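Undergrad: experimental coordinates follow, after the sequence.
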Amino acid sequence: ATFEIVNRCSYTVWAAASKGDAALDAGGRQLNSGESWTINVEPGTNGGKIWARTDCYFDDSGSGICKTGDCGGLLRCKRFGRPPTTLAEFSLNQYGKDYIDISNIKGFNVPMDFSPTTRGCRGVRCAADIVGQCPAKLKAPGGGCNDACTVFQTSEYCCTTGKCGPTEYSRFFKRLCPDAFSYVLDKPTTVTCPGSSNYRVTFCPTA
């Protein structure tokens, strides 16, 4: 599958692509404003994620640090990033279908559109100014808007025992972005696409 990753933001981002135990393609790339990065994602990739990282720096060896989404201090991400991270999530060629979503479960840093570039399913978007409206407790000092599980680390917010429900924090994310997951047990907003679709992830999509 082809994924085009496009930075329309005014700021540089450092894009990242991983399936949790390995990079997808080169794993990461600096994208100045307006730049794009086209990657190949193998068919059958399950549990893949693409995200933006903000305000990073790296040395010539590719080691450094990002204020949002850092992935073990690497330019070329192997592993998932530190919240807050708006997440494009995908599992491909799963019994004939691809499954895509945007999630705010790990917070929000950069507005995002995640759409097919082939036919036959919708895209989804979370492009409201979540950072600017972020409630105080959720603001991340390094920038962005943390999810409540990261901040409070109890099942009320993390949904690890019992049956969590919405909170005033999850409801905030859901109000601003109805089409993205706001907590683990949110009503799903996953889209089923034809197997072997191609996609575009756009940071700061055009309104």
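TA: Arrived safely, thanks for sending. Residues are numbered from 1 along each chain as shown.
Undergrad: send the alpha carbons of the lengthiest strand in the chain over as CSV?
TA: The longest strand of the chain (DSSP state E) is strand 48-58. Coordinates of each C-alpha in strand 48-58 appear next as CSV, following Å, rounded to 0.1, in the frame of the first residue of the first chain:
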residue,chain,number,x,y,z
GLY,A,48,0.1,0.5,12.1
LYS,A,49,0.3,4.2,13.2
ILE,A,50,1.3,7.4,11.6
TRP,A,51,1.8,10.6,13.6
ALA,A,52,3.5,14.0,13.7
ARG,A,53,6.2,15.1,16.1
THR,A,54,6.7,18.7,16.9
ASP,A,55,9.7,20.8,18.0
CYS,A,56,12.4,18.1,17.5
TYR,A,57,16.1,18.2,17.1
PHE,A,58,18.5,15.5,16.1
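Undergrad: list the buried residues of that strand.
TA: Of the residues in strand 48-58, 48, 49, 50, 51, 52, 53, 54, 55, 56, 58 count as buried by neighbour count, 16 or more other Cβ atoms under 10 Å. Placement of C-beta: from N, CA and C, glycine included.
Undergrad: just the strands in the chain please.
TA: Taking DSSP E as the criterion, the chain contains strands spanning 2-7, 13-18, 23-31, 36-40, 48-58, 64-68, 87-94, 97-103, 112-116, 124-126, 180-181, 191-194, 199-203.
Undergrad: tell me the strands beside the fourth one, with direction?
TA: Listed by DSSP bridges, the sheet partners of strand 36-40 and their directions read strand 2-7 (antiparallel).
Undergrad: chain center to the strand it pairs with: distance?
TA: 13 Å (Cα atoms, centre = their mean, to the nearest Å).
Undergrad: tell me which residues are up against that strand.
TA: Here strand 2-7 makes contact (Cβ atoms under 8 Å, 6 or more residues apart in numbering) with 13, 15, 17, 24, 29, 31-41, 50, 52, 117, 198-204.
Undergrad: how about a cut-off of 7 Å?
TA: Residues external to strand 2-7 that are found in contact with it (Cβ atoms under 7 Å, 6 or more residues apart in numbering): 13, 15, 31, 33-41, 50, 117, 198-203.
Undergrad: now do stretch 39-49
TA: Contact with stretch 39-49 is made by 1-3, 5, 17-20, 24-25, 80, 87-94, 196, as judged by Cβ under 7 Å, 6+ apart.
Undergrad: center of this structure, which residue is that?
TA: Compute the mean C-alpha point of the chain, and by Cα atoms, centre = their mean the closest residue is residue 87, 1.3 Å away.
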